[PDB]
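S.K.: As input, take final-v8.pdb (PDB, C-alpha atoms (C1' of nucleotides)):
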ATOM      1  CA  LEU A   1      41.596  11.281  -2.804  1.00  0.00           C
ATOM      2  CA  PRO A   2      39.889   9.120  -5.468  1.00  0.00           C
ATOM      3  CA  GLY A   3      40.806  10.546  -8.864  1.00  0.00           C
ATOM      4  CA  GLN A   4      43.596  12.845  -7.677  1.00  0.00           C
ATOM      5  CA  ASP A   5      47.084  12.486  -9.136  1.00  0.00           C
ATOM      6  CA  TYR A   6      49.620  10.634  -6.926  1.00  0.00           C
ATOM      7  CA  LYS A   7      52.275  12.929  -5.313  1.00  0.00           C
ATOM      8  CA  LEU A   8      54.783  10.239  -4.028  1.00  0.00           C
ATOM      9  CA  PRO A   9      56.350  10.275  -0.474  1.00  0.00           C
ATOM     10  CA  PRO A  10      58.919  13.067   0.333  1.00  0.00           C
ATOM     11  CA  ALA A  11      62.694  12.839  -0.275  1.00  0.00           C
ATOM     12  CA  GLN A  12      64.719  12.263   2.889  1.00  0.00           C
ATOM     13  CA  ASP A  13      67.807  13.921   1.267  1.00  0.00           C
ATOM     14  CA  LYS A  14      70.170  10.971   1.739  1.00  0.00           C
ATOM     15  CA  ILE A  15      72.390   8.695  -0.335  1.00  0.00           C
ATOM     16  CA  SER A  16      71.654   5.077  -1.282  1.00  0.00           C
ATOM     17  CA  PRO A  17      73.361   2.995   1.433  1.00  0.00           C
ATOM     18  CA  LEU A  18      73.821  -0.149  -0.661  1.00  0.00           C
ATOM     19  CA  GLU A  19      76.396  -0.429  -3.492  1.00  0.00           C
ATOM     20  CA  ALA A  20      77.335   3.195  -2.645  1.00  0.00           C
ATOM     21  CA  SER A  21      81.146   3.428  -2.206  1.00  0.00           C
ATOM     22  CA  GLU A  22      83.755   2.463   0.431  1.00  0.00           C
ATOM     23  CA  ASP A  23      84.456   6.260   0.489  1.00  0.00           C
ATOM     24  CA  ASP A  24      81.093   7.977  -0.252  1.00  0.00           C
ATOM     25  CA  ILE A  25      79.657   6.478   3.005  1.00  0.00           C
ATOM     26  CA  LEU A  26      82.198   8.447   5.133  1.00  0.00           C
ATOM     27  CA  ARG A  27      82.635  11.622   2.981  1.00  0.00           C
ATOM     28  CA  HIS A  28      79.256  12.926   4.259  1.00  0.00           C
ATOM     29  CA  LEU A  29      78.451  11.667   7.773  1.00  0.00           C
ATOM     30  CA  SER A  30      81.133  14.005   9.251  1.00  0.00           C
ATOM     31  CA  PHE A  31      81.388  12.731  12.828  1.00  0.00           C
ATOM     32  CA  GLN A  32      82.439  15.528  15.198  1.00  0.00           C
ATOM     33  CA  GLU A  33      81.056  15.113  18.729  1.00  0.00           C
ATOM     34  CA  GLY A  34      79.424  11.672  18.876  1.00  0.00           C
ATOM     35  CA  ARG A  35      75.912  11.621  17.393  1.00  0.00           C
ATOM     36  CA  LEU A  36      76.991   8.554  15.342  1.00  0.00           C
ATOM     37  CA  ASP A  37      73.801   6.469  15.343  1.00  0.00           C
ATOM     38  CA  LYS A  38      71.636   9.542  14.693  1.00  0.00           C
ATOM     39  CA  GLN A  39      74.040  10.580  11.916  1.00  0.00           C
ATOM     40  CA  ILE A  40      73.601   7.155  10.287  1.00  0.00           C
ATOM     41  CA  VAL A  41      69.821   7.556  10.719  1.00  0.00           C
ATOM     42  CA  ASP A  42      69.539  11.007   9.136  1.00  0.00           C
ATOM     43  CA  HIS A  43      72.260  10.538   6.487  1.00  0.00           C
ATOM     44  CA  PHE A  44      71.242   7.143   5.021  1.00  0.00           C
ATOM     45  CA  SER A  45      68.069   6.121   3.205  1.00  0.00           C
ATOM     46  CA  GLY A  46      65.615   3.887   5.049  1.00  0.00           C
ATOM     47  CA  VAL A  47      67.659   2.870   8.116  1.00  0.00           C
ATOM     48  CA  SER A  48      66.266   2.220  11.588  1.00  0.00           C
ATOM     49  CA  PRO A  49      68.002   3.391  14.783  1.00  0.00           C
ATOM     50  CA  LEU A  50      68.235  -0.310  15.733  1.00  0.00           C
ATOM     51  CA  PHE A  51      70.516  -0.994  12.745  1.00  0.00           C
ATOM     52  CA  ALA A  52      72.598   2.069  13.655  1.00  0.00           C
TER      53      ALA A  52
ATOM     54  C1'   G B   1      10.642   8.645 -20.747  1.00  0.00           C
ATOM     55  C1'   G B   2       5.424  11.274 -21.719  1.00  0.00           C
ATOM     56  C1'   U B   3       3.247  14.882 -25.133  1.00  0.00           C
ATOM     57  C1'   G B   4       3.814  17.630 -30.236  1.00  0.00           C
ATOM     58  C1'   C B   5       6.478  17.275 -35.275  1.00  0.00           C
ATOM     59  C1'   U B   6       8.750  13.962 -39.138  1.00  0.00           C
ATOM     60  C1'   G B   7       9.571   9.092 -41.169  1.00  0.00           C
ATOM     61  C1'   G B   8       8.237   3.518 -41.208  1.00  0.00           C
ATOM     62  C1'   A B   9       3.175  -1.108 -41.608  1.00  0.00           C
ATOM     63  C1'   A B  10       6.475  -6.513 -39.773  1.00  0.00           C
ATOM     64  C1'   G B  11       1.718  -7.509 -36.420  1.00  0.00           C
ATOM     65  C1'   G B  12      -3.469  -6.349 -34.201  1.00  0.00           C
ATOM     66  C1'   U B  13      -7.851  -2.628 -34.009  1.00  0.00           C
ATOM     67  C1'   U B  14     -10.299  -0.786 -37.786  1.00  0.00           C
ATOM     68  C1'   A B  15     -16.289   2.869 -40.593  1.00  0.00           C
ATOM     69  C1'   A B  16     -19.273   3.543 -44.870  1.00  0.00           C
ATOM     70  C1'   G B  17     -19.554   0.739 -49.261  1.00  0.00           C
ATOM     71  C1'   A B  18     -19.134  -4.517 -51.685  1.00  0.00           C
ATOM     72  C1'   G B  19     -20.516  -9.654 -50.440  1.00  0.00           C
ATOM     73  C1'   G B  20     -24.038 -13.133 -49.268  1.00  0.00           C
ATOM     74  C1'   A B  21     -24.008 -18.037 -45.929  1.00  0.00           C
ATOM     75  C1'   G B  22     -27.753 -18.868 -42.686  1.00  0.00           C
ATOM     76  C1'   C B  23     -32.203 -17.893 -39.465  1.00  0.00           C
ATOM     77  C1'   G B  24     -37.441 -15.849 -38.716  1.00  0.00           C
ATOM     78  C1'   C B  25     -42.950 -14.327 -41.088  1.00  0.00           C
ATOM     79  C1'   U B  26     -46.484 -15.665 -44.772  1.00  0.00           C
ATOM     80  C1'   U B  27     -48.550 -20.386 -48.062  1.00  0.00           C
ATOM     81  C1'   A B  28     -49.599 -23.833 -53.600  1.00  0.00           C
ATOM     82  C1'   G B  29     -49.828 -28.325 -51.004  1.00  0.00           C
ATOM     83  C1'   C B  30     -48.803 -32.854 -47.821  1.00  0.00           C
ATOM     84  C1'   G B  31     -51.402 -33.921 -42.728  1.00  0.00           C
ATOM     85  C1'   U B  32     -56.858 -38.151 -38.034  1.00  0.00           C
ATOM     86  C1'   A B  33     -54.745 -35.067 -34.190  1.00  0.00           C
ATOM     87  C1'   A B  34     -49.911 -30.690 -34.264  1.00  0.00           C
ATOM     88  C1'   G B  35     -47.082 -29.682 -37.528  1.00  0.00           C
ATOM     89  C1'   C B  36     -43.942 -29.975 -42.079  1.00  0.00           C
ATOM     90  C1'   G B  37     -43.502 -27.166 -46.124  1.00  0.00           C
ATOM     91  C1'   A B  38     -41.485 -25.822 -52.933  1.00  0.00           C
ATOM     92  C1'   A B  39     -41.443 -20.851 -55.920  1.00  0.00           C
ATOM     93  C1'   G B  40     -41.900 -15.626 -54.710  1.00  0.00           C
ATOM     94  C1'   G B  41     -42.385 -11.359 -51.400  1.00  0.00           C
ATOM     95  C1'   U B  42     -40.676  -9.311 -46.718  1.00  0.00           C
ATOM     96  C1'   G B  43     -36.946  -8.494 -41.920  1.00  0.00           C
ATOM     97  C1'   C B  44     -32.447  -9.898 -39.275  1.00  0.00           C
ATOM     98  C1'   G B  45     -27.962  -9.940 -42.022  1.00  0.00           C
ATOM     99  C1'   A B  46     -22.452 -14.339 -40.054  1.00  0.00           C
ATOM    100  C1'   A B  47     -17.827 -15.517 -42.502  1.00  0.00           C
ATOM    101  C1'   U B  48     -14.506 -12.730 -46.408  1.00  0.00           C
ATOM    102  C1'   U B  49     -12.805  -7.851 -48.349  1.00  0.00           C
ATOM    103  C1'   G B  50     -12.663  -2.666 -46.933  1.00  0.00           C
ATOM    104  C1'   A B  51      -7.937   3.847 -46.225  1.00  0.00           C
ATOM    105  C1'   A B  52      -6.375   7.449 -43.100  1.00  0.00           C
ATOM    106  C1'   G B  53      -6.311   7.129 -37.660  1.00  0.00           C
ATOM    107  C1'   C B  54      -4.955   4.316 -32.804  1.00  0.00           C
ATOM    108  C1'   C B  55      -1.381   0.486 -30.239  1.00  0.00           C
ATOM    109  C1'   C B  56       4.008   0.105 -31.953  1.00  0.00           C
ATOM    110  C1'   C B  57       9.128   1.385 -33.821  1.00  0.00           C
ATOM    111  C1'   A B  58      13.242   5.457 -34.682  1.00  0.00           C
ATOM    112  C1'   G B  59      14.903  10.670 -34.833  1.00  0.00           C
ATOM    113  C1'   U B  60      13.882  15.678 -33.258  1.00  0.00           C
ATOM    114  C1'   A B  61      14.705  19.909 -27.063  1.00  0.00           C
ATOM    115  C1'   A B  62      16.989  27.998 -30.068  1.00  0.00           C
ATOM    116  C1'   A B  63       9.795  21.802 -29.716  1.00  0.00           C
ATOM    117  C1'   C B  64       6.106  21.343 -25.083  1.00  0.00           C
ATOM    118  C1'   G B  65       8.985  20.120 -20.826  1.00  0.00           C
ATOM    119  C1'   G B  66      12.367  18.438 -16.885  1.00  0.00           C
ATOM    120  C1'   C B  67      17.474  18.530 -14.633  1.00  0.00           C
ATOM    121  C1'   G B  68      15.703  14.049  -7.314  1.00  0.00           C
ATOM    122  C1'   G B  69      16.034  12.091  -2.478  1.00  0.00           C
ATOM    123  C1'   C B  70      18.805   9.470   2.337  1.00  0.00           C
ATOM    124  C1'   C B  71      24.013   7.872   4.832  1.00  0.00           C
ATOM    125  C1'   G B  72      29.111   8.675   4.971  1.00  0.00           C
ATOM    126  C1'   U B  73      33.739  10.843   3.409  1.00  0.00           C
ATOM    127  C1'   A B  74      36.989  15.242   3.017  1.00  0.00           C
ATOM    128  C1'   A B  75      32.927  21.000  -4.695  1.00  0.00           C
ATOM    129  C1'   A B  76      34.621  15.899  -5.440  1.00  0.00           C
ATOM    130  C1'   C B  77      34.022  10.642  -4.279  1.00  0.00           C
ATOM    131  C1'   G B  78      31.659   5.844  -2.255  1.00  0.00           C
ATOM    132  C1'   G B  79      26.728   2.672  -0.718  1.00  0.00           C
ATOM    133  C1'   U B  80      21.233   2.427  -1.838  1.00  0.00           C
ATOM    134  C1'   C B  81      15.929   3.787  -4.011  1.00  0.00           C
TER     135        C B  81
END
Could you take the file, read its structure, and then write that structure out as structure tokens?

M.R.:
Amino acid sequence: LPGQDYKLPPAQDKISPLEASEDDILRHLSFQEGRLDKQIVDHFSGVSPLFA
RNA sequence: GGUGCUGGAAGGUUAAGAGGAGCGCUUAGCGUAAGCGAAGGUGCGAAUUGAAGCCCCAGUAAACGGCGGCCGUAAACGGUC
């Protein structure tokens, strides 16, 4: 609304995918049964399913 | 903003009173005719001065008083008179 304070888009609860770590990237996806692309989607910030 | 109250004349409007230009009426006399006419007297009095007040300028609402309409958008914001 005009005049209202900004609230800022919600946090997706991920980690920064770039300049993260060669180890941080895997210590949190936790692949068990094969939802790999969806795990990349909902565990990384701002990534499309096409990139996964 | 308008009206009241208070303050301010830069500029116009200003009455009575001062002021007297000038213009009529009479005639001692100039005049063949019709008119002109000095000094007085008697009416109209133009310019120039002549305050408050009014137009004006500011403040004052626990002074008088007033605090709107249409169209959208989700009280609030946007467009217009």

S.K.: Running the PyMOL selection byres ((chain B) within 9 of (chain A)) on this model by hand, what would come out? Give it as number ranges by chain.

M.R.: B: 74, 76-77

S.K.: So how many Å separate CA of residue 5 (chain A) and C1' of residue 79 (chain B), to one decimal?

M.R.: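 Separation of CA of residue 5 (chain A) and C1' of residue 79 (chain B): 24.1 Å.
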
S.K.: Tell me which residues the PyMOL selection byres ((chain A and resi 26-39) around 10) grabs here, as an NGL selection string.

M.R.: :A and (14-15 or 21-25 or 40-44 or 48-52)

S.K.: So how far away is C1' of residue 42 (chain B) from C1' of residue 30 (chain B), in Å?

M.R.: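 That distance, rounded to one decimal, is 24.9 Å.
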
S.K.: Skipping near chain neighbours, those fewer than 5 positions away, what residues fall within 12 Å of residue 4 (chain B) using only C-alpha atoms (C1' of nucleotides), listed as a VMD selection string?

M.R.: chain B and resid 60 to 61 63 to 65

S.K.: Using all atoms listed in the file, find all polymer residues with an atom at most 12 Å away from the point (-29.1, -20.4, -40.0); report them as a PDB file with C-alpha atoms (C1' of nucleotides), in the coordinates of the input.

M.R.:
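Output contents, as saved in result-v5.pdb:
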ATOM      1  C1'   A B  21     -24.008 -18.037 -45.929  1.00  0.00           C
ATOM      2  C1'   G B  22     -27.753 -18.868 -42.686  1.00  0.00           C
ATOM      3  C1'   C B  23     -32.203 -17.893 -39.465  1.00  0.00           C
ATOM      4  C1'   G B  24     -37.441 -15.849 -38.716  1.00  0.00           C
ATOM      5  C1'   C B  44     -32.447  -9.898 -39.275  1.00  0.00           C
ATOM      6  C1'   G B  45     -27.962  -9.940 -42.022  1.00  0.00           C
ATOM      7  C1'   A B  46     -22.452 -14.339 -40.054  1.00  0.00           C
TER       8        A B  46
END

S.K.: Report the residues retrieved by the PyMOL selection byres ((chain B and resi 10) around 12) from the displayed file, expressed as a ChimeraX atom specification.

M.R.: /B:8-9,11-12,56-57

S.K.: Which residue is closest to residue 53 (chain B)? Choose from B:29, B:14, B:75, B:3 and count all atoms listed in the file.

M.R.: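 For residue 53 (chain B), the nearest of the given residues is B:14.
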
S.K.: I need the residue nearest residue 15 (chain B) from this list: B:81, B:70, B:51, B:33. Use all atoms listed in the file for the distance.

M.R.: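 The shortest atom-to-atom distance to residue 15 (chain B) comes from B:51.
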
S.K.: So how far away is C1' of residue 2 (chain B) from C1' of residue 52 (chain B), in Å?

M.R.: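 Separating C1' of residue 52 (chain B) from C1' of residue 2 (chain B) is a distance of 24.7 Å.
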